[PDB]
Structure formats: C-alpha cells, structure tokens
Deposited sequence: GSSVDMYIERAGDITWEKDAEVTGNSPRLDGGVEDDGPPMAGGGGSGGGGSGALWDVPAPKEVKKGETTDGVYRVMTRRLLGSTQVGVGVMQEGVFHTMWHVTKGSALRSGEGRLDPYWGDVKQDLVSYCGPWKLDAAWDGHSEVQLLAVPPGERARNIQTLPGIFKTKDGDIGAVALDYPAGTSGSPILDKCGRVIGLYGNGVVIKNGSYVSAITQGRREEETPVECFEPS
C-alpha cells in the first residue's frame, strides 16, 4: 500500500536558509508496513496531476485520502512518473539564478534552502545540479525558481532553458 500525505504549499521563502484528493501542494510518498510507515519519496501535485520520480513508485498506484491515483506517464531513463494526467511541470532554470530546494525529509517538517546549482556537462548538454545531501526518501522534493515554480525535482538535475 502506497499513499501520499500533503506536506505544505509550493512557495519561495524570503527568509530561507542560504548556502482522489489532488489538491495542489508538495506531498510525501509513503508505503505502509505492519509496524509503521516509511517515506519513499516526495512529489508535486499541480493541475490535478501528481509528479514524482520513477524509482520512488515504479508506476505503482497511489491512494490519496479515500480515492486512488493511477499512473499516466513514466520514463525510467528520466526517472519520472506522472499520475492521472501528463507532465505539467514545464518551467526551466535560467542557468544563473539561485534556486530554492523545498526539501521534505522523512520525519521532518518541510523547509526551503537557497542554493546555486552547479552546471554539469553532459553528452545531452549543460544541466543544473543541486549539490545538497538529504536522507533517503527526500527524492522528488521540488526545486523552485524566484516565482515559486517547479524547475526540477531533487535528485534528477535541473534543465536549463535560457
């Protein structure tokens, strides 16, 4: 049994540290156990679509409150998966501005932390990388631009579109 729990709003924080319910927000991705529950990752609900990374769910369905969310699109190479709707997160990183990682670590409250991604060279091209370390289960945490928009997901890199 995998389920999601809302953890807060997607907002850029001005006083941040510097270095089937489908309500918009950031959600913990949880799997129930006989003894307890475990946070397997994080995801973003936006425009009635839930967005998380493939390694977190592997296309498994998600129960949101009473209702159920079914997978719609997925790609293992990209490590992404969307539920009941196609991918809605289209914003991109300018390639030079500081971003905010909205980290939602297991067992801890959500927090924002500003940082400047490094640009990592790849055969596909330049990419942004948030050089921060958070526990297992923080994957899927949203990366925000100054306007509160999701430009990427923690652990996956950030696309540049200047």
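Absent C-alpha positions map to the deposited sequence ranges 1 to 4, 24 to 65, 209 to 232, in order along the chain.
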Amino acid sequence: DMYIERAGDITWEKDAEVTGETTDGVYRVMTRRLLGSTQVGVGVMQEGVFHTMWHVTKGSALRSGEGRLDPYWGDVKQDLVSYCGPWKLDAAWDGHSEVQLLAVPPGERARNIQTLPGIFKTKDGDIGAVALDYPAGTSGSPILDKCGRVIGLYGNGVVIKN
From here on, numbers count along this sequence of modelled residues.
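Higher mean CA temperature factor between 28 to 36 and 113 to 121: 28 to 36, per the PDB entry.
Across the two stretches, 62 to 70 and 132 to 140, the PDB entry reports the greater mean Cα temperature factor for 62 to 70.
For the set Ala16, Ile10, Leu153, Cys147, the PDB entry puts the maximum C-alpha B factor at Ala16. Looking at the C-alpha B-factors along this chain, the one for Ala91 belongs to the middle third.
For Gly107, the recorded CA temperature factor ranks within the middle third of the chain's modelled residues.
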